[PDB]
Structure formats: C-alpha cells, structure tokens
**Student:** 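One structure coming up, written as structure tokens, with questions to follow.
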There are 2 protein chains.
Amino acid sequence: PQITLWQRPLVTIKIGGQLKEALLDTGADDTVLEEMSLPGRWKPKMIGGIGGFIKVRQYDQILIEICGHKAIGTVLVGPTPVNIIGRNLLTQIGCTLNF
Amino acid sequence: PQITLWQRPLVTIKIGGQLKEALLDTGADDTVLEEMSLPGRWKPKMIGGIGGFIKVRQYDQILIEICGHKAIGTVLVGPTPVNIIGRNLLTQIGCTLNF
Ligand SMILES: CN/C(C)=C1\C(=O)Nc2ccc(S(=O)(=O)N(CC(C)C)C[C@@H](O)[C@H](Cc3ccccc3)NC(=O)O[C@H]3CO[C@H]4OCC[C@H]43)cc21
C-alpha cells in the first residue's frame with residue numbers, strides 16, 4: 001500500500017509469535033525493538049541516536065512479518081522508546097519513498 | 001522521484017541560503033538540523049530519541065527547499081548527529097511510503 005505521512009507510519013508486525021506495532025522508519029539503518037521475549041543466541045552491540053547511545057542485543061536471521069510480508073534479518077533488541085522497522089528490513093518488503 | 005532504501009535516503013536542501021544534506025526520515029515527527037546559522041527568534045524545546053533527550057532551538061515558519069520542492073515549517077536546531085527532514089516537512093513535498 002501507499003502510506004502518507006500526516007500520521008506516524010505504524011504497522012502491525014508478527015515476530016516471535018507475538019504481535020507488536022512498529023514504525024516504518026527510513027532514518028533507521030537497522031530494525032530495533034523494545035525489550036521482548038526472543039528465542040536463541042545474540043551478540044552485544046551499541047547503536048547511537050538523537051540523545052546518545054543504547055546497548056542492544058543483536059539477533060541475526062530473525063523472521064519478522066511486517067504488514068503481512070515476510071522478511072528475515074537482523075533485529076536489535078533493547079531500550080528503544082519505540083519499535084522501529086529499519087532499512088535492513090524495509091528493502092525486503094519492497095518499501096520505497098516517493099515524492 | 002522514487003527512492004529505494006538500500007542506501008540512506010539523503011537529499012540536498014537549501015535553508016538559510018546554505019546548502020546541506022539531510023536524511024528523509026519517516027521516523028521523525030519534526031525536522032531537526034545540526035547546529036547552523038539561522039536568522040531570527042526561536043523558542044527552547046527538548047525532543048527525545050534513541051539514547052535520551054537533546055535541547056534544541058525551535059524556529060517556526062522556516063523556508064526549506066528539499067530536493068527542489070519548497071516547504072515552510074518548524075525547524076529544530078541542535079546537537080542531532082545527522083540533519084533529518086521529518087514528517088512536518090515530508091507531507092509538504094508530497095512524500096509517501098510505498099510497499
Ligand atoms: C548505526 N546505525 C544506526 C545509527 C541505527 C540503526 O542501525 N538502527 C537504528 C534505529 C533507530 C535509530 S534512531 O532512533 O536513533 N534514528 C536515527 C535518526 C536519529 C537518524 C531513527 C529516527 O527515525 C528516530 C526514531 C525514533 C522515534 C521515536 C523515538 C525515538 C526514536 N527518530 C527520531 O529520533 O525522531 C525525533 C525527531 O522528531 C521526533 O519524532 C519522534 C522522536 C523525535 C538509529 C539506528
């Protein structure tokens with residue numbers, strides 16, 4: 001679908017058998033999710049934002065279904081204030097900017 | 001134009017008679033620019049991000065030309081690590097997400 005930007009672009013995602021809402025965020029290289037229950041191994045990472053840096057858990061090859069479109073990729077987990085779908089997954093569901 | 005998301009969506013903007021590069025960022029409600037030389041009055045504000053909060057200067061009704069499309073709106077100025085065009089201006093140049 002086409003999405004205009006008068007409101008936050010939020011979509012429902014299914015990850016880890018859970019349902020969540022997340023922002024399609026072109027300003028985010030990588031997908032970062034709020035603290036959540038996710039199976040398996042992870043690596044320690046930090047990412048930076050407006051405001052400074054957070055420590056996250058990096059999970060690779062994680063399946064995420066984003067408004068019904070499946071994608072597999074890296075998902076970062078930690079104290080973000082909002083669940084964010086970043087460009088690593090946006091390119092996989094064919095998402096583009098248009099003006 | 002259509003913009004795919006394999007790379008950061010950067011565009012050249014003209015603001016304040018200066019040329020800058022900025023990220024089209026659907027995850028940003030408001031446009032925030034790195035420290036820059038801008039004429040006139042401003043109000044003190046804080047905005048929050050991944051990582052915590054920054055203090056910015058809020059300038060209203062600022063003209064910005066974004067990949068050749070003019071927009072007037074609020075522009076926040078302060079210690080962001082990247083110049084960001086947020087949805088307050090993205091809606092004005094007709095920018096949409098598509099998947
Ligand atoms: C090395 N890689 C980097 C830097 C990132 C990554 O890999 N995944 C990321 C996911 C998110 C972020 S970010 O949140 O820090 N971010 C970078 C932006 C500053 C260039 C994305 C940006 O869209 C954030 C998303 C956000 C929304 C709500 C709360 C916190 C973060 N936008 C943002 O900071 O917006 C400011 C500007 O206007 C307001 O809208 C809501 C927050 C306010 C960075 C990264």
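So that the names make sense, note that chain A is the first sequence line, chain B the second, and so on, each numbered from 1. Whatever order the structure lists them in is the order used to number ligands and atoms, beginning at 1. The basis for the numbers below is simple: all heavy atoms, side chains too, and nothing from hydrogens, waters or symmetry mates.
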**Student:** For ligand 1, which part of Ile84(A) has a heavy atom less than 4.0 Å away: the side chain, the backbone, both, or neither?
**Tutor:** side chain
**Student:** Between ligand 1 and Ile47(A), can you find any atom pair, the residue atom being a heavy atom, that is separated by under 4.0 Å?
**Tutor:**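 Yes; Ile47(A) lies near enough to ligand 1 that a heavy-atom distance drops under 4.0 Å.
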**Student:** For atom 9 (C) of ligand 1, which protein heavy atom lies nearest, and how many Å away is it?
**Tutor:** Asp30(A) O, 3.6 Å
**Student:** Sub-3.5 Å donor-acceptor pair from the side chain of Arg87(A) to the main-chain atoms of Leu5(B), do we have one?
**Tutor:** yes
**Student:** In ligand 1, which numbered atoms sit nearer than 4.0 Å to a non-hydrogen atom of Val32(A)?
**Tutor:**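 What qualifies from ligand 1 is 8 (N), 9 (C), 10 (C).
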**Student:** Among all protein heavy atoms in this structure, tell me which lies nearest to atom 10 (C) of ligand 1, with the distance rounded to 0.1 Å.
**Tutor:**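 Residue, atom and distance for the closest contact: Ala28(A) CB, 3.4 Å.
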**Student:** Decide, yes or no, whether a salt bridge links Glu35(B) with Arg57(B) under the criterion of side-chain N to carboxylate O below 4.0 Å.
**Tutor:**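 Here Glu35(B) pairs with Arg57(B) in a salt bridge, since their nearest N and O are under 4.0 Å apart.
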**Student:** List ligand 1 atoms under 4.0 Å from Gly27(A), heavy atoms only on the residue side.
**Tutor:**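 Numbered from 1, ligand 1 contributes 16 (N), 17 (C), 18 (C), 20 (C), 21 (C).
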**Student:** Using a 4.0 Å cut-off to any heavy atom of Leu23(B), which atoms of ligand 1 qualify?
**Tutor:**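 Atoms satisfying the 4.0 Å criterion: 20 (C).
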**Student:** Hey, which atoms in ligand 1 end up nearer than 4.0 Å to a heavy atom of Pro81(A)?
**Tutor:**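 The list of qualifying atoms is 29 (C), 30 (C).
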**Student:** How many angstroms lie between OG1 in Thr31(B) and CD1 in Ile85(B), if you round to the nearest 0.5 Å?
**Tutor:**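 The CD1 atom of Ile85(B) is 4.5 Å from OG1 of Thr31(B), to the nearest 0.5 Å.
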**Student:** How close does the nearest protein non-hydrogen atom get to atom 1 (C) of ligand 1, and which residue and atom is it?
**Tutor:** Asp29(A) OD2, 3.9 Å
**Student:** Using a 4.0 Å cutoff against the non-hydrogen atoms of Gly48(A), which atoms of ligand 1 qualify?
**Tutor:**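 Close to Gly48(A): 4 (C), 15 (O), 44 (C).
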**Student:** For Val82(B), counting its heavy atoms only, list the atoms of ligand 1 lying under 4.0 Å from any of them.
**Tutor:** 20 (C)
**Student:** Verify the distance criterion only: is there a donor paired with an acceptor across the side chains of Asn88(A) and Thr74(A) at less than 3.5 Å?
**Tutor:** no
**Student:** Between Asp30(A) and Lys45(A) (salt bridge meaning N to carboxylate O under 4.0 Å), is one present in this structure?
**Tutor:** yes
**Student:** Give the residue and atom name of whichever protein heavy atom lies nearest to atom 12 (C) of ligand 1, and the separation in Å to one decimal.
**Tutor:**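 In this structure, atom 12 (C) of ligand 1 has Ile50(B) CD1, 3.8 Å as its nearest protein heavy atom.
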**Student:** For ligand 1, which atoms, with element, lie under 4.0 Å from some heavy atom of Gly49(B)?
**Tutor:** 30 (C), 34 (O)
**Student:** Is the backbone N or O of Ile3(A) less than 3.5 Å from a side-chain atom of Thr96(B), with the two atoms forming a donor-acceptor pair by type?
**Tutor:**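 Side chain of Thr96(B) to backbone of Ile3(A), a donor-acceptor pair under 3.5 Å: no, none is there.
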**Student:** Look at the side chain of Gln92(A) and the backbone N and O of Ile72(A), then say whether any donor-acceptor pair between them is shorter than 3.5 Å.
**Tutor:** yes
**Student:** Among all protein heavy atoms in this structure, tell me which lies nearest to atom 23 (O) of ligand 1, with the distance rounded to 0.1 Å.
**Tutor:**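 Atom 23 (O) of ligand 1 sits closest to the protein heavy atom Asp25(A) OD2, 2.6 Å.
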**Student:** Between the main-chain N or O of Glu34(B) and the side-chain N or O of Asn83(B), is there a donor-acceptor pair closer than 3.5 Å?
**Tutor:**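 Checked: pair present.
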**Student:** Identify the two heavy atoms, one from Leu33(B) and one from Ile64(B), that lie closest to each other, and give their separation to 0.1 Å.
**Tutor:**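 Heavy atoms only, the tightest pair is CD1-CD1, 4.5 Å.
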